[PDB]
Amino acid sequence: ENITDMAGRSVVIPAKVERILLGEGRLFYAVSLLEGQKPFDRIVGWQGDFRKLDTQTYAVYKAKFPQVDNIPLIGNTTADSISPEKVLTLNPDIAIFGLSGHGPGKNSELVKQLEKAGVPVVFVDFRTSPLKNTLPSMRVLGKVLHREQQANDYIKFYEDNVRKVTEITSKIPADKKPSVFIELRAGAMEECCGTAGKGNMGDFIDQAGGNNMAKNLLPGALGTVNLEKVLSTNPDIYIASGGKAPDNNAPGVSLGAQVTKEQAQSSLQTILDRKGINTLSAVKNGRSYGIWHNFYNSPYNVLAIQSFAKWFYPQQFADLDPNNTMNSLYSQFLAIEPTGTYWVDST
Amino acid sequence: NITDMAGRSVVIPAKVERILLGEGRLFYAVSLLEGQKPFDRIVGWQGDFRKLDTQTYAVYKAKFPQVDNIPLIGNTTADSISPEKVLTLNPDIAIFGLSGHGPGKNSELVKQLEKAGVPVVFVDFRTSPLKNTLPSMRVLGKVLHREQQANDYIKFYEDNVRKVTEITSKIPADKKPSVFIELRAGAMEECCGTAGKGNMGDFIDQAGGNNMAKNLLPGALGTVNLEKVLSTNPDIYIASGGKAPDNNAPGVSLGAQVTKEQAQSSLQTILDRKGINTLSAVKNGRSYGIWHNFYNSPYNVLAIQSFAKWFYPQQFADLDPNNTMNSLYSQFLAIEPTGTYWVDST
Amino acid sequence: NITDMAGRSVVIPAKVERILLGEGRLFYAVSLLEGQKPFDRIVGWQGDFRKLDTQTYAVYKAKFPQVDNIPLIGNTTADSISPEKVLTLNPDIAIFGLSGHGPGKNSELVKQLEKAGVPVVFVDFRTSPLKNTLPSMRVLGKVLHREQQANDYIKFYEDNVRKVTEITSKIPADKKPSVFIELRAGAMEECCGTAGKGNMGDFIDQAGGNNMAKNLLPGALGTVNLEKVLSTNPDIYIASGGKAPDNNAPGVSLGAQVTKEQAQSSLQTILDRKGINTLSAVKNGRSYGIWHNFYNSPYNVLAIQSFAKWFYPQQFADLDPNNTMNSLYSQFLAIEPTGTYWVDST
Amino acid sequence: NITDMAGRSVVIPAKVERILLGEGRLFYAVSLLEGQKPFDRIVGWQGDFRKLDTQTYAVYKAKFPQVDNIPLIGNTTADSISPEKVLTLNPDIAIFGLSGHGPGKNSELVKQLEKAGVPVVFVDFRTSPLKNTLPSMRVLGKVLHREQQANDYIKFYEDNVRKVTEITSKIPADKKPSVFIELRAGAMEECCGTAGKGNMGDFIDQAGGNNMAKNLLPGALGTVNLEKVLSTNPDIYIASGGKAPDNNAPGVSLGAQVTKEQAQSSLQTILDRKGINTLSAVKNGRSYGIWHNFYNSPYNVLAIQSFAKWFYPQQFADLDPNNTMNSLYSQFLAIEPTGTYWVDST
Ligand SMILES: N=C(N)NCCC[C@H](NC(=O)c1cccc(O)c1O)C(=O)N[C@@H](CO)C(=O)O
Ligand SMILES: N=C(N)NCCC[C@H](NC(=O)c1cccc(O)c1O)C(=O)N[C@@H](CO)C(=O)O
Ligand SMILES: N=C(N)NCCC[C@H](NC(=O)c1cccc(O)c1O)C(=O)N[C@@H](CO)C(=O)O
Ligand SMILES: N=C(N)NCCC[C@H](NC(=O)c1cccc(O)c1O)C(=O)N[C@@H](CO)C(=O)O
Ligand SMILES: N=C(N)NCCC[C@H](NC(=O)c1cccc(O)c1O)C(=O)N[C@@H](CO)C(=O)O
Ligand SMILES: N=C(N)NCCC[C@H](NC(=O)c1cccc(O)c1O)C(=O)N[C@@H](CO)C(=O)O
Ligand SMILES: N=C(N)NCCC[C@H](NC(=O)c1cccc(O)c1O)C(=O)N[C@@H](CO)C(=O)O
Ligand SMILES: N=C(N)NCCC[C@H](NC(=O)c1cccc(O)c1O)C(=O)N[C@@H](CO)C(=O)O
Ligand SMILES: [Fe+3]
Ligand SMILES: [Fe+3]
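Protein chains in written order, with the entry's author numbering: chain D, 1 to 347; chain F, 2 to 347; chain B, 2 to 347; chain A, 2 to 347.
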């Protein structure tokens with residue numbers, strides 16, 4: 001059969017799939033929602049970003065599935081480090097790639113090599129245009145991986161849990177919305193400050209009824225705004241993203257499966273104590289928050305949209321709990337138990 | 002002739018120059034009428050303003066040292082008022098409160114004054130602020146011949162309250178936060194004082210909150226036990242106080258001579274008390290301090306706004322009670338606004 | 002005692018609480034000193050701020066409705082000021098401008114005030130901004146007892162101007178672009194109003210531009226005919242305006258309530274006028290709009306910067322006048338920055 | 002205490018209970034202030050509302066039959082008002098219009114009332130709606146002690162007008178459509194009544210139209226000959242009327258008791274008249290009907306919106322003046338909106 005991927009390309013659905021290639025490792029998150037209690041059964045190989053840039057979620061899956069260590073790494077954390085030779089010798093029967101990210105895009109040579117080898121390629125997207133692409137991506141993955149039921153179940157769950165936010169924020173007029181700046185991998189980049197424009201976590205700010213101060217500063221989904229521009233705009237709400245492991249002395253916010261509330265609050269505070277940042281009205285007024293970075297490329301991003309709405313309008317979403325949503329997500333779909341801290345408030 | 006807050010008819014004097022204040026802090030209503038000559042027409046007052054509002058007192062003393070020479074007709078309780086000292090001041094009007102630290106409608110002193118031919122006016126900012134605050138000012142305007150100042154203050158008040166009520170009057174009950182207000186928190190012998198259907202409860206109602214003690218109490222004021230608070234575990238905790246900074250007694254420091262630091266530090270002591278410190282609202286940082294004397298003052302629009310910002314922070318992001326306060330002072334009063342009348346927990 | 006901008010010695014009042022503004026838009030200098038209480042000390046003002054700055058007025062009214070009750074001593078001309086209404090406000094200081102829509106150093110009203118024992122201070126942001134802006138603020142600081150605010154603003158101003166002059170002071174004349182500024186472009190009976198050696202001309206000088214009218218005119222303001230502009234055919238065209246968005250009269254829309262799109266649309270109308278539209282600067286996109294009231298405001302550092310960025314685009318690509326405005330507002334003012342104070346042609 | 006629309010100072014009465022309406026249709030401004038008790042304070046009125054607004058009258062009569070007992074001080078002209086009947090109603094305030102079917106600022110009756118000690122207030126929705134509508138409501142608020150209702154209505158009005166001006170203020174003159182408005186079209190002896198720089202002309206201006214009579218006429222109202230209209234051949238034709246459905250006199254049927262099909266049929270008659278029917282605007286279907294009494298009513302924001310949607314159909318496709326009217330009625334009035342106040346040609 002045939003379907004349209006997120007690059008507009010038609011893909012012939014394989015009769016049976018047993019050798020999935022992951023162009024970006026963290027595309028595993030979309031796969032995990034379909035594979036039930038057998039998450040790694042059909043993965044022939046993956047980019048090393050999941051294992052190296054998601055060490056916490058990795059370790060949790062390793063403790064329950066030690067065979068994860070033996071899935072081949074086709075590269076490190078950049079598209080340019082992928083050996084096309086190692087890829088082809090795994091004889092994949094499907095390759096899942098992202099329109100953007102740490103893996104090959106629609107115009108890469110590897111995509112063309114795979115087309116010459118007779119291997120179907122599917123483009124998904126949770127990163128450039130999450131709002132447009134997240135649900136269509138899951139529907140498509142459902143069809144090509146023969147997990148239509150799991151996919152449709154997850155779409156219903158997602159739509160319902162997002163509708164809990166949008167029923168309220170879709171009617172709020174622009175002049176009542178809080179200004180928001182999201183600093184991606186805050187503290188951890190060479191040059192401050194990474195953020196999202198019209199795309200990526202910007203889509204989440206939009207949905208949650210916020211006003212992204214970088215929406216109109218930037219052409220793309222990702223970009224950079226200077227510290228002074230942030231200070232000058234002086235937004236209502238400051239959000240920092242990170243995924244740093246607890247026992248990592250490098251700069252950044254600690255969030256993820258092995259992070260405690262106190263490690264998340266302490267490390268957010270370091271981030272908020274930085275020169276310039278610490279004079280923001282949002283920081284002084286305590287409207288300062290942390291969000292787990294990898295939500296920037298995951299269909300679990302409904303958790304971030306909900307955390308954002310609850311920060312943007314605390315009393316209108318007093319009754320909404322993203323922790324229940326994660327637990328409903330894990331119990332319904334996944335094969336591990338939820339642990340750690342995926343979001344934090346400054347004390 | 003006018004009808005006071007006790008339903009009684011009062012013949013308005015032709016000229017008033019000797020006002021008796023049954024409760025000292027009724028001065029607050031008078032101050033909105035007297036412009037730059039606040040104490041010119043006060044023959045005497047209950048000692049509650051001087052002794053239970055030491056900060057606001059000291060500020061007025063520095064600009065008007067003659068305030069120290071206004072006679073104190075008693076201390077802080079109705080029973081300590083000498084009716085003899087009262088009558089020798091030959092008042093031409095007496096202003097009393099339906100409730101509080103001064104005589105009520107059925108006291109002997111009220112009857113003595115009626116026998117002496119002295120008009121008595123009952124106001125209320127304390128039992129039923131919502132029903133009574135504006136009618137009280139209207140009445141004080143008429144009997145003190147300051148109708149203009151009164152009407153000016155009513156317009157100011159209604160406008161600044163309507164900023165809140167036009168939003169919160171349409172909010173359904175199930176979207177409202179539960180609220181407990183602990184009056185003079187930390188400072189009473191037995192915890193915990195609060196307000197029912199009345200007093201600061203009216204402010205919670207107006208600001209679109211849900212007062213957990215509304216149905217626990219028959220009156221405007223009363224007491225709920227600590228364990229009942231813990232068990233109800235309300236969304237939002239509010240502590241009232243008016244303690245002076247350099248007062249080692251227990252309570253929250255708020256008022257004209259209090260810095261935000263002192264207010265924040267002393268609120269924290271209050272929030273660190275056994276039991277209180279495990280409240281969800283305290284842990285989640287939805288914990289606040291409000292200046293106690295707003296429990297009996299037509300300046301109470303400042304508290305209604307502070308509550309609304311606490312109950313729905315974003316919907317009232319743009320509302321600033323410091324600006325309401327500054328406008329109030331500049332338009333009506335004879336002193337400069339200083340100190341901290343509200344605080345948020347660190 | 003201090004020396005004002007007219008060279009006159011002025012005795013500093015011990016306390017000031019009743020400031021008279023000879024020109025309403027002199028408020029801008031006062032606003033930098035009064036913090037969160039902008040209108041607290043203004044007894045009255047010329048009607049130019051309320052009538053010729055409707056946008057900035059409306060923004061302050063929404064936060065301080067008491068601004069509507071400040072008395073207007075006249076309309077928009079010195080000759081419409083009733084000296085009687087002025088004197089009954091019993092000012093304790095009067096602030097006047099060497100030039101503009103209010104009384105000057107030789108007016109009768111200035112003499113009346115001297116007879117009444119009222120100190121008069123002359124400032125200037127309009128005739129000789131470069132010489133006078135900072136000295137004016139220093140002086141206002143001393144006579145209004147806001148030396149701290151004044152010195153803070155001077156440091157901010159000098160630093161933000163030095164960002165421009167460090168570069169443009171070393172540029173030789175032959176590398177400078179020729180510039181014509183058309184004040185209230187489109188909106189005068191006879192084209193074309195502009196500035197000579199003074200007013201916005203000072204800004205062109207500082208920003209390293211070459212004002213084509215510098216030597217055509219004797220004074221700070223004057224008129225140059227359309228044909229003279231066409232013939233000089235300058236490298237850069239700048240139009241000033243302050244027209245409200247919803248005003249169908251001719252002129253450029255700029256100010257607190259103007260969007261970038263309205264500013265551009267209305268600048269374009271101005272650039273589409275016969276004669277103007279054949280200028281090389283217009284055809285080549287070197288066409289800009291600046292908010293007119295910068296012609297008399299110590300916020301004029303915002304214009305010196307917008308000019309420097311138009312005169313030398315890459316040399317000041319890192320300079321942002323919007324950040325400077327926001328630092329100005331947050332540090333000194335009581336309102337939030339909105340609208341469009343400068344625009345580039347599409 | 003307040004300045005009316007004639008520039009005259011009027012002393013705000015302490016309590017008003019006997020309002021005299023110089024022009025009956027000034028009721029529309031009063032109705033926005035009186036909530037559910039519209040006629041409670043009206044001692045008498047000009048007969049224009051009852052006789053020239055039969056539809057809106059009948060609707061109020063069905064809910065309030067006591068409206069029939071309000072005294073008529075005259076018919077539909079200032080000259081038919083008995084000053085004697087007026088004075089025996091012992092009004093405590095009289096509201097008059099700068100222009101219209103009632104007395105003006107120089108009438109004898111105004112002087113009689115001044116001799117009788119009765120405050121007179123001039124409002125205006127007719128000569129200079131743009132300048133005067135909102136100031137008129139502000140003033141009526143103060144003198145009738147309905148400041149809250151007035152301020153509420155001003156905010157509503159400004160917001161609903163801003164929906165139009167946000168768009169039309171940035172449209173350049175050369176892109177605007179030419180417009181002719183024929184007042185009480187078909188119903189006058191001599192064609193064609195219209196508005197100049199004033200009256201419905203102000204609405205055309207605001208809605209981003211170009212009134213072809215703006216410079217043909219000195220006043221707010223006047224007459225332009227059919228041939229002049231034909232020759233100018235404007236982009237858009239608008240006819241006003243308020244004729245009752247069951248009235249076979251010439252004119253457009255619009256108002257509270259008119260269906261869309263009766264408004265369309267009667268507009269068509271108006272558009273089928275010799276000369277009119279050769280207009281480009283008529284042939285192209287840019288032909289419309291507007292309810293005449295908007296020519297003197299603070300509900301005129303409904304016509305400004307209806308005009309903008311006719312001037313720029315797609316730019317205002319999302320704007321609905323019917324939703325605006327309904328928000329107006331529900332927020333402010335005591336009756337239910339019915340009928341057709343505007344119509345498009347089939
Ligand atoms: N290690 C490298 N040299 N490049 C990494 C490639 C992915 C790159 N990532 C980001 O730009 C980024 C920014 C903020 C926060 C993040 O977590 C990021 O991963 C990227 O997105 N590249 C884009 C544009 O080149 C793409 O592939 O389309
Ligand atoms: N494309 C680039 N040159 N820089 C942007 C991203 C590269 C790199 N990203 C990460 O290390 C990373 C970690 C966790 C999750 C992610 O998605 C990541 O991308 C990065 O941020 N590099 C810094 C240097 O430390 C920088 O380039 O400023
Ligand atoms: N020092 C005293 N013994 N009594 C004070 C007199 C008034 C008494 N006050 C309170 O109950 C009270 C409660 C909470 C917070 C406060 O500031 C209070 O003053 C009181 O209210 N009495 C009632 C009952 O008699 C009344 O006056 O009607
Ligand atoms: N009804 C009572 N017996 N006590 C409650 C009120 C009396 C007393 N009040 C104050 O000290 C006070 C201080 C500032 C402002 C006020 O309105 C006040 O009422 C009080 O609280 N007594 C405590 C023991 O100190 C108590 O009786 O529990
Ligand atoms: N409406 C009037 N008749 N006069 C206005 C008085 C101020 C007069 N202004 C200007 O000439 C002017 C020119 C260009 C742009 C502007 O904004 C202007 O205000 C003025 O400056 N007069 C001079 C000399 O008369 C002065 O007083 O110094
Ligand atoms: N000195 C004069 N006689 N005329 C020039 C200025 C007077 C008047 N000014 C303004 O309208 C004005 C508006 C906004 C800001 C200002 O500073 C202003 O001065 C003016 O220019 N009138 C025009 C008539 O359109 C004219 O002089 O031709
Ligand atoms: N019924 C009359 N004979 N006269 C009415 C007096 C008001 C007169 N009105 C109009 O001319 C008019 C024109 C077009 C449409 C209308 O609804 C009108 O009411 C009028 O305005 N007269 C002038 C001069 O006296 C004025 O009132 O200012
Ligand atoms: N000034 C005049 N003489 N005539 C113009 C207005 C007088 C009269 N008005 C009305 O009939 C009328 C009806 C509803 C609402 C209004 O405001 C009105 O004025 C009128 O129009 N007379 C006609 C004769 O048909 C005329 O003078 O042409
Ligand atoms: Fe008390
Ligand atoms: Fe000027």
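By construction, the Cβ of each residue, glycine as well, lies at the ideal position given by its N, Cα and C atoms.
query, result
"According to DSSP, is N76(B) part of a helix, a strand, or is it coil?", "coil"
"DSSP on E183(D), reduced to helix/strand/coil?", "strand"
"When you measure from the CB of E24(D) to every non-hydrogen atom of ligand 2, does any distance come out below 7 Å?", "no"
"Which word fits residue 1(F), buried or exposed, when buried means at least 16 other C-beta atoms lie within 10 angstroms of its C-beta?", "Residue numbering for chain F in the displayed model covers 2 to 347; residue 1(F) lies beyond these limits and cannot be assessed."
"Considering only heavy atoms of ligand 9, does any lie closer than 7 Å to the CB of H146(F)?", "no"
"In chain order, what residues of the stretch 198-229 of chain D put their CB closer than 8 Å to some CB of chain B?", "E228 and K229"
"Please classify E337(B): is it buried, with 16 or more other beta-carbons within 10 angstroms of its beta-carbon, or exposed?", "exposed"
"Which stretch, first to last residue, makes up the alpha helix (DSSP H) that contains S232(B)?", "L227 to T233"
"With 16 other CB atoms within 10 Å as the buried threshold, where does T341(B) fall?", "buried"
"If we ignore side chains and look at the alpha-carbon of each, how far apart do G256(B) and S307(D) end up?", "38 Å"
"Buried or exposed: which applies to residue 1(F), given that a residue is buried once 16 or more other Cβ atoms fall within 10 Å of its Cβ?", "An answer regarding residue 1(F) cannot be provided, because it is not within the stretch 2 to 347 covered by chain F."
"What residue range is occupied by the uninterrupted alpha helix (DSSP H) comprising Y154(B)?", "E148 to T169"
"Quick one: is the Cβ of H293(A) within less than 7 Å of any heavy atom of ligand 8?", "yes"
"Pairs of beta-carbons, one from the stretch 202-215 of chain D and one from the stretch 261-273 of chain D, closer than 8 Å: are there three or more?", "no"
"Please report whether the beta-carbon of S81(F) lies at a distance below 8 Å from any beta-carbon of chain B.", "no"
"If we count the other Cβ atoms within 10 Å of its Cβ and call it buried at 16 or more, is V344(B) buried or exposed?", "buried"
"Name the chain B residues that come within less than 7 Å of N327(F), Cβ to Cβ?", "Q37 and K38"
"Please report the distance separating the alpha-carbon of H293(A) from that of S241(A).", "5 Å"
"Using beta carbons (cut-off 8 Å, strictly below), is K143(F) in contact with chain A?", "no"
"Between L53(F) and ligand 4, is the CB less than 7 Å from at least one heavy atom?", "yes"
"Check whether the Cβ atoms of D49(A) and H102(A) sit closer than 8 Å, and answer yes or no.", "yes"
"Helix, strand or coil: which one does DSSP assign to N294(F)?", "helix"
"Give the single residue among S346(F), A309(F), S179(F) and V302(F) whose Cα lies nearest to the Cα of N327(F).", "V302(F)"
"Decide yes or no for the touch test of the stretch 74-90 of chain D against the stretch 109-129 of chain D: beta carbon pairs closer than 8 Å, at least 3 of them.", "yes"
"Is the beta carbon of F312(D) less than 8 Å from the beta carbon of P178(D)?", "yes"
"According to DSSP, simplified to helix, strand and coil, what is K215(A)?", "coil"
"Buried or exposed for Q258(B), please, with buried defined as at least 16 other CB atoms from any protein chain shown within 10 angstroms of its CB.", "buried"
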